[PDB]
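Participant: Just passing along the structure, written as structure tokens.
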Amino acid sequence: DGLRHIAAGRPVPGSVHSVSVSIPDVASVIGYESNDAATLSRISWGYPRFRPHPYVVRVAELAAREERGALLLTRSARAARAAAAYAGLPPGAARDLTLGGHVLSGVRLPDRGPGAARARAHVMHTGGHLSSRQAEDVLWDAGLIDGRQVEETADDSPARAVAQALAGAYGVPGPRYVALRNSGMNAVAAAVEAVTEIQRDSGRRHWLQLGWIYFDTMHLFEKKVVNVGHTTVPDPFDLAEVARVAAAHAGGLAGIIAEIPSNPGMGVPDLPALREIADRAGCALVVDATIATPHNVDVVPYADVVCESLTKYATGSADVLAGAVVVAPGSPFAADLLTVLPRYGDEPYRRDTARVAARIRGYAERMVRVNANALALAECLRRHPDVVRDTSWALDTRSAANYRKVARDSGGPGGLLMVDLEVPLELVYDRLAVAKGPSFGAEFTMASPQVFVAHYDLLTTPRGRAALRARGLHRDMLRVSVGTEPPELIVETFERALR
Ligand SMILES: [Mg+2]
């Protein structure tokens, strides 16, 4: 059902639990990212960490009625307590509520002050939100909705099934080394918090962020959602600078965090070299491998901890959030990580896990087709030098050598291409017949105006645009996430939009 125009505002793929939404022209993108009220009425749906799902909103409204007058719902009481503490709210702000025979946890937010924004940010950047499947079950059990979304699930021991599948894909001995979390960000946050606690006793409290990486991961450090010091090394290829910064913090580095490739710039760091630096520093190396997938790269030998957002290609359905933490068995930190990790983050609601268990069965086969499509589209983009200024991806001239260091013999580039345009984004994006909107990693091809998604605020002024330019980014860029459609049809779809 891919490669078609989707009407603006329709949830994508269409399920009640859809994580994306059609935002098919740049005018709508600007209206959406600038919170224009008319645009948000037309396009009210969004990614569930960024725009609360309507069922979650309804559950919060009804749980508040039963003092009465804002409630931010969370996945767990633990998450509510953490968001309240981070936001500076009194401990009683985190409360447990009931509706339809279910226990709910959330934070009562103040009407004035920055407390409400801080609590919302904590829940957002750590993925500690209540899922739409859990809210749907609350409403259905209470008799407040007629029916539930029908979908394929694998309900028999789904957390074990998912953890076993990931253990095999990552090459670790078994599910003992895999922890499932509420979303990709919940996994990243749990891994960072667990490493931080293990390292605290030795006086190691500082983190190095390698390059510009996923924006919510950057916000975890910048906003001190995780309460550590940090330094960003802006060039992920700049190993001499990485070593210089590590030497300046010698004996004080808790960890280095890196992505392979990075979101959205698509830079591939030198993981073997980073392992040697981390070994000399006594710090942990945490690697987010979402964009490559474990079917394309073997990074466990070099990382102490690997994180993945299962929301993307692991499911291919654009309809469930989940994350995974994989602890390397050979890491010096492994025993402590397995002891400490249960204290951080939350497992997904089990109905979400059962959806992942059904969808993950096709992961390896999915990636064979995705890899071939990305290779075919990259060649197409190179043949349009009057429209495409460059394409950043795993096998470009910046990243190919580093990628080959960890790529599997069967391994391909993954599905993501970051397209830098010589024309205004409107001239390509508005006419492109793919699913345009947030998230990526579906079996249908998607595209995102990703600089607007991550950095709309910086796009709006000259100095903000200068800051983005220093990161290699600008307005007229399109992140493409190829699906599993026939490669000739994907190529033809892009040829029609590029001319
Ligand atoms: Mg460039």
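The way I read the labels, and the way they are meant: chains A, B, ... in the order of the structure tokens, residue 1 as the first residue of every chain, and ligand 1 as the first ligand shown, with later ones counted on from there.
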Grab me every residue within 9 Å of ligand 1, counting only C-alpha atoms and all ligand atoms, and send it over as a count of residues only.

Facilitator: 10

Participant: Go through stretch 163-219 of chain A and flag each residue having an atom no more than 6 Å from stretch 342-363 of chain A; for those, report the closest pair of atoms plus their distance in Å to one decimal, using only C-alpha atoms, ordered by chain and rising number, as a tab-separated table.

Facilitator:
```
residue	atom	partner	partner_atom	distance
A:180	CA	A:347	CA	5.5
A:181	CA	A:347	CA	4.3
A:182	CA	A:348	CA	4.2
A:186	CA	A:345	CA	5.8
A:190	CA	A:344	CA	4.9
```

Participant: Now that the selection is made, can you save its residues with N, CA, C and O atoms as a PDB file, in the first residue's frame?

Facilitator:
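Final file, again_18.pdb:
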```
ATOM      1  N   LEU A 180      14.037  -5.278  27.757  1.00  0.00           N
ATOM      2  CA  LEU A 180      13.066  -4.531  26.970  1.00  0.00           C
ATOM      3  C   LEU A 180      12.578  -3.327  27.760  1.00  0.00           C
ATOM      4  O   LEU A 180      12.319  -3.423  28.969  1.00  0.00           O
ATOM      5  N   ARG A 181      12.416  -2.201  27.064  1.00  0.00           N
ATOM      6  CA  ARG A 181      12.002  -0.958  27.692  1.00  0.00           C
ATOM      7  C   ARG A 181      10.872  -0.313  26.890  1.00  0.00           C
ATOM      8  O   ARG A 181      10.511  -0.765  25.801  1.00  0.00           O
ATOM      9  N   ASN A 182      10.292   0.748  27.465  1.00  0.00           N
ATOM     10  CA  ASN A 182       9.005   1.280  27.003  1.00  0.00           C
ATOM     11  C   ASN A 182       9.082   1.914  25.617  1.00  0.00           C
ATOM     12  O   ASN A 182       8.052   2.038  24.947  1.00  0.00           O
ATOM     13  N   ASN A 186      13.446   5.153  26.205  1.00  0.00           N
ATOM     14  CA  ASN A 186      13.457   4.546  27.534  1.00  0.00           C
ATOM     15  C   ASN A 186      14.644   3.599  27.696  1.00  0.00           C
ATOM     16  O   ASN A 186      15.226   3.502  28.784  1.00  0.00           O
ATOM     17  N   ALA A 190      17.676   4.316  30.222  1.00  0.00           N
ATOM     18  CA  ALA A 190      18.022   3.294  31.204  1.00  0.00           C
ATOM     19  C   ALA A 190      19.494   2.907  31.116  1.00  0.00           C
ATOM     20  O   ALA A 190      20.159   2.734  32.142  1.00  0.00           O
TER      21      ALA A 190
END
```

Participant: Give me the residues near residue A:304 as a PyMOL selection string, where near means some atom within 6 Å (using only C-alpha atoms) and where sequence neighbours in that chain fewer than 4 positions away do not count.

Facilitator: chain A and resi 284-285+328+331

Participant: Excluding same-chain residues fewer than 5 positions from stretch 115-124 of chain A, what lies within 6 Å of it counting only C-alpha atoms, as a compact mmCIF listing (two decimals) with N, CA, C and O atoms, in the first residue's frame?

Facilitator:
```txt
# COMPACT_ATOMS: atom_id res chain seq x y z
N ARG A 49 5.08 10.10 21.65
CA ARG A 49 5.87 10.81 22.65
C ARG A 49 5.76 12.31 22.53
O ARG A 49 6.11 13.02 23.48
N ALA A 83 9.71 12.08 37.02
CA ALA A 83 9.34 13.31 36.32
C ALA A 83 9.03 14.42 37.32
O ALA A 83 9.38 15.58 37.10
N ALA A 87 11.21 17.89 37.70
CA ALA A 87 10.49 19.14 37.49
C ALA A 87 10.43 20.02 38.72
O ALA A 87 9.87 21.11 38.65
N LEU A 109 0.24 18.56 37.41
CA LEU A 109 1.09 19.64 36.93
C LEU A 109 0.57 20.99 37.41
O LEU A 109 -0.65 21.21 37.44
N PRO A 110 1.47 21.90 37.78
CA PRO A 110 1.04 23.23 38.20
C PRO A 110 0.56 24.06 37.02
O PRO A 110 1.07 23.95 35.90
N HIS A 129 5.94 7.46 28.79
CA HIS A 129 4.53 7.78 28.61
C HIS A 129 3.67 6.52 28.71
O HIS A 129 4.14 5.39 28.61
```

Participant: Work out how far atom CA of residue A:412 is from atom CA of residue A:296, in Å to one decimal.

Facilitator: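 Separating atom CA of residue A:296 from atom CA of residue A:412 is a distance of 5.6 Å.
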
Participant: Go through A:307, A:435, A:374, A:29 and flag the residue nearest residue A:42, using only C-alpha atoms for the distances.

Facilitator: A:29

Participant: Between atom CA of residue A:292 and atom CA of residue A:312, what distance in Å does the model show, to one decimal?

Facilitator: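 The value is 10.9 Å.
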
Participant: Which residues, written as a PyMOL selection string, have at least one atom at most 10 Å from stretch 55-63 of chain A, with only C-alpha atoms counted and residues fewer than 6 positions away on the same chain left out?

Facilitator: chain A and resi 16-17+48+69-74+96-100+103-106+129-139+144-145

Participant: Can I get the selected residues back with C-alpha atoms, as an mmCIF file, in the first residue's frame?

Facilitator:
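The result, written out as selection29.cif:
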```cif
data_model
loop_
_atom_site.group_PDB
_atom_site.id
_atom_site.type_symbol
_atom_site.label_atom_id
_atom_site.label_comp_id
_atom_site.auth_asym_id
_atom_site.auth_seq_id
_atom_site.Cartn_x
_atom_site.Cartn_y
_atom_site.Cartn_z
ATOM 1 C CA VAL A 16 -5.636 3.415 16.222
ATOM 2 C CA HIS A 17 -2.034 2.847 17.374
ATOM 3 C CA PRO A 48 2.890 9.450 20.713
ATOM 4 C CA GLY A 69 -9.007 20.786 38.295
ATOM 5 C CA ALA A 70 -3.579 19.067 34.474
ATOM 6 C CA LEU A 71 -2.602 15.391 34.746
ATOM 7 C CA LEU A 72 0.364 13.888 32.875
ATOM 8 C CA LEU A 73 0.017 10.107 32.641
ATOM 9 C CA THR A 74 3.092 7.873 32.794
ATOM 10 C CA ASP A 96 -1.768 6.758 41.576
ATOM 11 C CA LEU A 97 -5.278 6.893 40.109
ATOM 12 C CA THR A 98 -7.903 4.343 39.084
ATOM 13 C CA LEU A 99 -10.237 3.922 36.115
ATOM 14 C CA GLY A 100 -12.056 0.852 34.800
ATOM 15 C CA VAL A 103 -4.225 1.514 38.212
ATOM 16 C CA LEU A 104 -2.847 4.627 36.528
ATOM 17 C CA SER A 105 0.154 6.716 37.493
ATOM 18 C CA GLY A 106 0.709 10.323 36.627
ATOM 19 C CA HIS A 129 4.530 7.778 28.605
ATOM 20 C CA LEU A 130 1.379 5.664 28.859
ATOM 21 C CA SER A 131 0.865 3.685 25.658
ATOM 22 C CA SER A 132 -2.277 3.901 23.531
ATOM 23 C CA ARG A 133 -2.831 0.139 23.861
ATOM 24 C CA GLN A 134 -2.915 0.456 27.640
ATOM 25 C CA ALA A 135 -5.240 3.472 27.445
ATOM 26 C CA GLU A 136 -7.432 1.601 24.957
ATOM 27 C CA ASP A 137 -7.743 -1.276 27.429
ATOM 28 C CA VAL A 138 -8.645 1.108 30.265
ATOM 29 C CA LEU A 139 -11.401 2.699 28.185
ATOM 30 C CA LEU A 144 -16.274 3.915 27.350
ATOM 31 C CA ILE A 145 -15.310 2.815 23.820
#
```

Participant: At a cut-off of 12 Å, using only C-alpha atoms, what residues contact residue A:314? Leave out same-chain residues fewer than 5 positions from it and give the result as a count of residues only.

Facilitator: 40

Participant: Give me, as a PyMOL selection string, the residues of stretch 72-284 of chain A that a backbone DSSP run labels helix (DSSP H, G or I).

Facilitator: chain A and resi 77-86+91-93+115-125+132-141+158-170+175-177+184-200+215-222+239-248+271-281

Participant: Taking the DSSP secondary structure from the backbone, can you list the residues of stretch 121-214 of chain A that are strand (DSSP E), as a list in words?

Facilitator: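 Answer for stretch 121-214 of chain A restricted to strand (DSSP E) is residues 178, 179, 180, 181, 206, 207, 208, 209 and 210 of chain A.
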
Participant: Nearest to residue A:222: which of A:125, A:244, A:102, A:205 is it, counting only C-alpha atoms?

Facilitator: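 The answer is A:125, which sits nearest to residue A:222.
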
Participant: A:51, A:452, A:397, A:243: which is nearest residue A:215, counting only C-alpha atoms?

Facilitator: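 Ranking A:51, A:452, A:397, A:243 by distance to residue A:215, first place goes to A:452.
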
Participant: What is the distance between atom CA of residue A:281 and atom CA of residue A:246, in Å to one decimal?

Facilitator: 6.7 Å

Participant: Just the residues within 12 Å of residue A:330, please, counting only C-alpha atoms, with nothing from its chain fewer than 5 positions along; format it as number ranges by chain.

Facilitator: A: 171-173, 177, 300-305, 335, 337

Participant: With distances taken over only C-alpha atoms, which of A:410, A:448, A:126, A:15 is nearest to residue A:223?

Facilitator: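 Once distances to residue A:223 are computed over only C-alpha atoms, the minimum belongs to A:126.
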